[PDB]
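Reading through the structure tokens given below for one structure.
2 protein chains.
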Amino acid sequence: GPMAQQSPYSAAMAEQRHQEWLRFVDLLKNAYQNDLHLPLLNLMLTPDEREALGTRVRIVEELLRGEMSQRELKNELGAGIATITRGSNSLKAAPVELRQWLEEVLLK
Amino acid sequence: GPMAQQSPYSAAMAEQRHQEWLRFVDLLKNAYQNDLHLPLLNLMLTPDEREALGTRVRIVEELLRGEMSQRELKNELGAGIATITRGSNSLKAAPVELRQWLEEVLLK
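Chain order of the listed sequences is P and V.
Its first residue numbered -3, the first sequence is counted upward by one per residue in our numbering.
Its first residue numbered -3, the second sequence is counted upward by one per residue in our numbering.
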């Protein structure tokens, strides 16, 4: 039995809600071009919904600075041990004349 | 006593929510220009909030066609009696030779 994936009612109401969302995105796009975006957003949204969107922008900003500041901390800490291992390896491969000279001038 | 119109806390939180709304409107404006509006709207809104905006566009459309269709009905009905009164006035001001001729050809 090849069962139908969805009903004809759900398929029609899915395309309807799809076209209604596209009409809104297109309506808001031309509003930004016709400089009517600010009054249109007041018609589409309540004052509380506008405050919610303004705070969500600050939420995703503080979430990005939270991930980025620790991403730079994970890279700065990881690169910190990289210069130490490079310093240890380059010190072993250094010639004897340079090594014994560094022990004399750096360690008095 | 010249009472202060609002508190310093309410004035600061009013400018904050004002700048957060402007940042959102500007963020969405550049998204439409950088062709990133569709993924940004999915980040800012839930699927239910997107369905709500898509239906509100159809609401304001059906509210406009409701007002417009009856506006045209109020104008078509008002202009209908205007042609009747013009027909009555123009018929009284018509000459006798035209009036008695219309009674002969239109009323057999």
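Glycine included, C-beta positions come from ideal geometry on N, C-alpha and C.
- Listed by chain order, chain V residues near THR51(P) by CB distance under 7 Å: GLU16
- Where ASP31(P) sits in the DSSP three-state scheme: coil
Between residue 115(P) and chain V, is there a C-beta pair that is closer than 8 Å? Coverage of chain P is limited to positions -3 through 104, which leaves residue 115(P) absent and any answer about it impossible.
**Message:** Mapping the DSSP letters down to three states, classify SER65(P) as helix, strand or coil.
**Reply:** helix
Within 8 Å, strictly: CB atoms of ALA27(V) and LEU36(V): yes
Quick check: the Cα distance between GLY74(V) and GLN1(V), rounded to an integer number of angstroms?
51 Å
Cut-off 6 Å between Cβ atoms - residues of its own chain near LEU94(P), not counting five sequence neighbours on either side:
none
Can you grab the Cα-Cα spacing for the pair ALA90(V) / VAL101(V), in whole Å? 16 Å
How many angstroms separate the CA atom of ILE77(V) from the CA atom of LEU103(V)? 23 Å
Exercise for the section: Report yes or no: is there a C-beta of chain V within less than 8 Å of the C-beta of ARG46(P)? Expected result: yes
- By the criterion of Cβ-Cβ separation under 9 Å, what are the contact partners of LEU34(P) in chain V? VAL21
- Item | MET40(V): contacting residues in chain P (beta-carbon distance under 9 Å) | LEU49, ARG52, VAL53, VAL56
8 Å Cβ cutoff met for residue 112(V) and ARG19(P)
Residue 112(V) lies beyond the residue range present for chain V, which begins at -3 and ends at 104; the question has no answer from this structure.
Problem - Local conformation of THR42(V) per DSSP, three classes - result: coil
- request: State the DSSP-derived secondary structure class of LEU37(P), mapped to helix, strand or coil.
  value: helix
| Reduced DSSP category for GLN12(P) - H, G, I as helix; E, B as strand; rest coil | helix
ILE55(V) to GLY62(V), Cα distance in whole Å?
10 Å
Item to complete: Would you please verify whether the beta carbon of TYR28(P) is less than 8 Å from any beta carbon of chain V?
Response: yes
**Q.** Nearest-angstrom Cα separation, counted from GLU68(V) out to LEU87(V)
**A.** 28 Å
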